[PDB]
Structure formats: structure tokens, C-alpha cells
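This report refers to the structure that appears directly beneath it.
Should a chain be cited, it is by its letter among A, B, C, D, E, F, G, H, I and J, assigned in written order, with residues numbered from 1 in that chain.
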Amino acid sequence: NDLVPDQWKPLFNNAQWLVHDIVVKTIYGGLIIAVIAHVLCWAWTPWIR
Amino acid sequence: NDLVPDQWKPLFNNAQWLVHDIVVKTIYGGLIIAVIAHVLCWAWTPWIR
Amino acid sequence: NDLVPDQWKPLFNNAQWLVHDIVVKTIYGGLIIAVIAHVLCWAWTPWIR
Amino acid sequence: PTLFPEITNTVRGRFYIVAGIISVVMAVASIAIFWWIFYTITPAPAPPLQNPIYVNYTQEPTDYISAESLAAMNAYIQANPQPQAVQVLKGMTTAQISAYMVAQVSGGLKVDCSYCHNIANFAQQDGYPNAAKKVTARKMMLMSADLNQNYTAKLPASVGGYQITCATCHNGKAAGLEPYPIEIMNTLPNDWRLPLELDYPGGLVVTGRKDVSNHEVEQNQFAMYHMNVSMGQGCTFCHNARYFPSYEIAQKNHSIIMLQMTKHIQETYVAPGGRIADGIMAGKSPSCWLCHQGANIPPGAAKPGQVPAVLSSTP
Amino acid sequence: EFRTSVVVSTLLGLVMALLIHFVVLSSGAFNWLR
Amino acid sequence: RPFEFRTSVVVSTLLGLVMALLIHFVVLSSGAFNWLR
Amino acid sequence: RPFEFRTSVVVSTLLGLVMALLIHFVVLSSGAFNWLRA
Amino acid sequence: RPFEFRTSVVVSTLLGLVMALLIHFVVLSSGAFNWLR
Amino acid sequence: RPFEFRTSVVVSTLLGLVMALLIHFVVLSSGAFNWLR
Amino acid sequence: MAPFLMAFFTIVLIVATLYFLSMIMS
């Protein structure tokens, strides 16, 4: 756990840090895409009214 | 259990402190969002009348 | 793991690097073809209107 | 001073009490909140429907009337106190005939007065492009009178005194009726029809016959499930499952009379010697679902004393 | 035990949210999604 | 740690996939958007 | 490491195949494209 | 190596055969080509 | 070698027989050749 | 008068629970 930050050392493994970072980046990208899609869909046809 | 405060040491572990803090913050954020959503829904359409 | 880069050594084997490269190239080609097909189908018949 | 030192002195045993209390409180709160939310945002379950003529059928919204035929209605009625050139509706004045036409003929089909016969002169016969509709309506009235006075009169007074009228079969549609719709053909083959060429007092008997086999039983089961779907009471509505051949529930004789009525409708009006020629209804075979529509009593049925006495079961 | 509490809370929250959205949608009292 | 990374990833991915499929199917069946005729 | 390469490959390929088949079937049944005799 | 040659060959052959059968059956059943009456 | 001669022979024979029987049955059922009445 | 009684019993239950917990938890 050389690469893992100090506070997260008793929780994470060295190989798991990279996978967790990949997952976090993927979630951020998906969230941005979802926000854009929701804005476009509302601009097309409102669902609440 | 070095990081845990002396009062909560007999019940908790080092990593359970961190996981518990994450869960607490998530619960508080979800509660605030739920309050905002409920207020918006009441403003849109009351259900008690 | 001679061919595996320094960052990716804890996760990958020397044999899996080449298969990963093949998979990545195949996925990129598939996405390109999918984009072309979607543009063609939209030009043919819009599905939202 | 305590009797349980292991539970009221140690922290680990002291945590269980609060854990259990919190668990009970959370369960109670979740149940109460869910059921309160469910019972607060739900509409009133059962709104009753009252109508002085129909049984769970309505015609009060009358936007289909052009509002000029109603204007000519009063002028006609004032001009002629008694009907003229009437061949079926007898014993009624012009006001009563007009009320019957407004409530029953037009209410049951959801059509304007100009659909059948001319508004300018209500007594005209074949001077307009809609005389065929009026002829078909007269034939429909005669058929309804026949059905009322030959089959409905045999049912006991326990069932009621409901009569058959236009809305019983039409249900608010002028044409394009749908016997055997797709929603009622769920478990059955899509091309199945009622076997209206048999003698129903013994037509669908299979028990111990020994001259039939599983195919006849399958046909019987198709007919029986159709009879179930046309109502909403399940297979015990007319039967006792311990012995199917028994006649003890008293709705099985009613089903016999209904089957004979349906066969008469098929062989006299749908297609007498050819559906295309000499037959009203455009060659559409009758069905239980056509009138009953998933209920014991048809929604289009009229209450006793409502229809004209000429068309009544006891003229 | 921390794990049992976390699991129970997560499943309870998910089930309640799904049930309440379904009930509200089926009620037809809000003019949401036609 | 009380829970493993593998179990967390598995549960999260399964829940996300199920939720996305359910939401697309419900929105399609609502007939509220004029999508696919 | 949390997952092996083999399991990731298997799951990804199966998900892709099922999604492709499902989308093709849904588009065919929708009848909104005039493809393969309407 | 993550996969053997035997497994890859088997999976590819089964997938190809199934897909060919499915596509031929769909095309024949659609009745849009005037093939085999 | 990834595969042995026995397995290849068995699989090929089964596939050929199954395909031939299926093709004859489909051709007979189609009723487009005037074969067997 | 039902809601007033419901509040009364609920308050009594809360007070008793708090008192006994304080007695044990000391």
C-alpha cells in the first residue's frame, strides 16, 4: 500500500486504488452525460407539467 | 483502534470509523435533498388540502 | 511483466497486455461503426420527431 | 444495584438495549409512514352510479346532438300531437316517442338524429340517403321485441326484470361492434368461436360418454372458460366442482336459456340461409361478452318498466 | 454488528423508495408522465 | 474492512443495470414522449 | 486484485451480445422503420 | 493466458452457427423476399 | 493440439446429419415443390 | 378526544422509557 494515501491505508490495497480511481472517473463521466441528456429531454418535452 | 476515540474504541475498528463517517455524511446529504424535494412537491401540488 | 508499463504492473501480466490491446482496438472500431450506423439511420428515419 | 451485571455494566452488552429499541422504533415508523402515504394519496375507491333507466350505463353527456335537431324536435312535436306513419311503436304519443328516441335510440348508439331519418320531416321514409339505416333500425326493434318476449320472460323474477335495448348490444357505438375482442381471447386460440350449431340441453356433455375423448373435453373447456370471462365470478358461478353434471346452482338453467337465445340470434338474424343476403348484423356472430361485458347483468340492460310496452316482455 | 445494520438500512431504504414511487405513480393524483 | 471491494462493485453494477433497464422500459410503456412511433 | 481479466471479458461480451439482440428485437417489433416488410 | 485456443474456437463456432440459423429463419419467416413460395 | 481427431469427426458428423434432416423437413413443410403430393 | 389520549399515552411511554434508560445507563 505504498501508493495509497495515509488515511486510506487501513481500508485499501495498492492494486484496488487504481480500480477505484477508474470507477470514480467512469461515474463522473456518466453523471455529466446523464445531466446533459436530462436537460435535452426537458427542453424537448416536459414530463411534470 | 488507535484512531477511534477512547469512548467508542471497545465497539469499533479503525476502518469502521471511516466507513461510518462516510455513511453518516451520505445520510445527511440524502436527508437534505429529500427535504428540498418534498418542499418543491408541496409547492407544486398539496396532498393534504 | 516486462512489457507491462510501470503503473499497470500490479494489475496486469505480460500475456494479458496484448489481449487487452486487441480488445481495446476492437471496441474502438465497434464504436466508430456504431456512430456511422446511427447517423445513417437518423438520416433515413428520425425516431424522436 | 442490578441483577444483570453483564448487561447493565459492560458497554458491549449495554449497546444491545439501544439497538433493539431503535430497531423496534424504525420498524413501527416505516410501517406507519408507508401506510399513511398510501391511504392519503389514493382516490375514493367506489363511486356509485345511478341512472333511472340503465344498469351501469350512461348517456347524460349528449354533445353528439347537433343542437339544431333538438330545435326542430319541439316544432315537430307541436305540429303533430300523434305520430304519423309509424309501423312498430304503437300506443305512444309524439312526446313519448321523442323521449324514447332521445334516451334509447340515440343514447344507446351515440349518433345524431340525422343519422337515420330526416330532421326536416321526421315522417319521411325513402326520400333521403339514410333510409336504409331507418329500415335496419326497425328490424332491430322487431328483433329486440322478439328476444324480450320469447327468452327473457322465461327467467325467474329473482334475476330481476331487466330488458334488452339498443345499448345492451351497441354500448355507445353505431357500427363496428367487436364480439370476441383480443383482450378476451387470452388463453384460447385466436380463431375460436362459440359452437352455435349444437343442441345445448345436451350439446356440451362429456362426462362418462365413452364415445368422445380429450378433444371434445378441450372444446368444452374452451366454451366454459369463455363463459367465465364473460362474467367475473369464476367456474363455480353455475357449477359445483364435486360433480359437474349436477343441476343445483340455479344459474345453469339460466345459461341454458341464454344459449338457446344465442342460437336463435345466430340462425335467425345473423345469417338465415346466408349471412351476406337476407341477414342483418353484417354477418357477425353473437357472443356472451357482447351483452354481458364481464358482469352478471349487462351494463346496457334497462330496468323494469322502462322500455315501451310494445317492446316489453309483457305488452 | 455494523454490517447487519448497514445491510438492513440499505435494503429497507431501497424497498421503501421503489414501493412509494410505484404507489404515487399508480395513484394518478399528481399529473406526472401524462 | 467490513465489506470487500468486489462485493461493493458487483452490487453497485447490478443495481445500476437493473435500474436503467427498468426506467427505460417504464418510460417506453408510459406512452408520454412519442419515441419509437 | 479485485477481479480477474477472464471474468471481466466474459461479463462484457455476454452483456454486449444480449443488449444487441434485445435492441434489434425491440426495434423490429416496434414497427416504426419499414424494415423487412414493414 | 486468460483463455485457451480450444475455448475460443468452441465459443466462436457455436455463436456463428446459432446466428446463421437465426438470421435465415427470420428472413424466411418475414415473407419479404419471395423465396420458397 | 487443441482438438483431437475423434471430437472433430463426431461433431462434424452430428452437425451434417442434423442440418440435412432439418433442411429436408423445412423443404417438405414449405409445400413449394410438389413432392410427396 | 382520541388524538389527545393517543398523545397522552405516547408521552407517558416516552417518559417511562427515558427514565428507565437513564437509571440503567448510569
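Following the convention adopted for this analysis, contacts are C-beta pairs under 8 Å (C-beta built on N, C-alpha and C of every residue); 3 or more make two chains touch, one makes a residue touch a chain.
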On a CA-centroid basis, which chain has its centre farthest from subunit A's? D
Could you grab the centroid distance between subunit B and subunit I? Build each centroid from C-alpha atoms only and quote it in angstrom. 65
Between subunit A and subunit J, tell me the centre distance in angstrom, where each centre is the average of that chain's C-alpha atoms. 46
Quick one: subunit G and subunit I, Cα centre-to-centre, how many Å? 29
Chain-centre distance (mean CA atoms) for subunit D and subunit E, in whole Å, is 40
Give the residues of subunit B touching no fewer than two other chains, as numbers and ranges. 15-16, 19, 47
Residues within subunit D bordering two or more other chains: 41
Could you list each pair of chains that touch, in label order? A-B, A-C, A-E, A-F, A-G, B-D, B-E, B-F, C-F, C-G, C-H, D-E, D-J, E-F, F-G, G-H, H-I
Would you pull the subunit B residues touching subunit D in the complex into a rising list? 10-11, 47-48
Which residues, counting only subunit D, touch subunit J once they are in their complex? 2, 8, 14, 17, 21
Touching subunit A in the complex: which residues of subunit E? 31-33
Parts of subunit C lying in touch with subunit G, wherever the complex brings them together: 10-12, 16, 19-20, 23, 45, 47
The subunit B residues in contact with subunit A across the complex are 14-15, 18-19, 44
